[PDB]
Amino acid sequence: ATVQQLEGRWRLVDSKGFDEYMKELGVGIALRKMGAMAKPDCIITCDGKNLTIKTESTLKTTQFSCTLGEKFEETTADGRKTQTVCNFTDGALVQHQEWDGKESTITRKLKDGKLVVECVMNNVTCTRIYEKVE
């Protein structure tokens, strides 16, 4: 219901369709297997205006900060330069990515106290579940 319920550190506990989603993004099989094997924490921070999302695995960290509602450029882990906008809408944090006439949406919402992250591109959907650790 609020963005503050999404703030904190989350640990990945379940994943479904992530390989199909990365494949839809154009990610090579090597990066797909590395991404599938990773069990990253996700740290979400928000000061009212600025949203920061950090993804942390052993030896690998990526993080971006943006202003909610304002377009910005994202450098994704697979190496896309996207135009991205993050909004909080209808109880979910929605991250919309646009690049090369393509687009993808990552939605993060609270469900039964867990963080449910659904990544969509074209007609491929992936769902990843994290538990609160901090």
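Each residue number is its position in the shown sequence, starting from 1. Rigid core: the largest C-alpha set superposing within 1.5 Å between the two forms.
**Student:** Which stretch is more displaced from the shown form in 6 other deposited structures of this protein, 69-77 or 53-61, with RMS over structures and residues of Cα positions after a rigid core fit?
**Tutor:** Relative to the shown form, the greater RMS C-alpha distance in 6 other deposited structures of this protein belongs to 53-61.
**Student:** Fitting on the core, do the C-alphas of 25-33 or of 100-108 deviate more in 6 other deposited structures of this protein?
**Tutor:** Comparing 25-33 with 100-108, the larger C-alpha deviation in 6 other deposited structures of this protein belongs to 25-33.
**Student:** Regarding 65-73 and 36-44, which shows the higher C-alpha temperature factor on average in the entry?
**Tutor:** The deposited B-factors put 36-44 ahead on the C-alpha mean.
**Student:** If you check the C-alpha B-factor for each of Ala30, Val85, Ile106, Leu51 in the entry, which is highest?
**Tutor:** Out of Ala30, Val85, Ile106, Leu51, the record gives the largest C-alpha B-factor to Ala30.
**Student:** What third of the chain, by the recorded C-alpha B-factor, contains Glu56?
**Tutor:** According to the entry, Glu56 has a C-alpha B-factor in the chain's lowest third.
**Student:** With respect to C-alpha B-factor, does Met22 fall in the lowest, middle or highest third of the chain as deposited?
**Tutor:** According to the entry, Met22 has a C-alpha B-factor in the chain's highest third.
**Student:** Lowest, middle or highest third of the chain for the C-alpha temperature factor of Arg9?
**Tutor:** Its C-alpha B-factor, which the entry lists for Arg9, ranks in the lowest third among residues of this chain.
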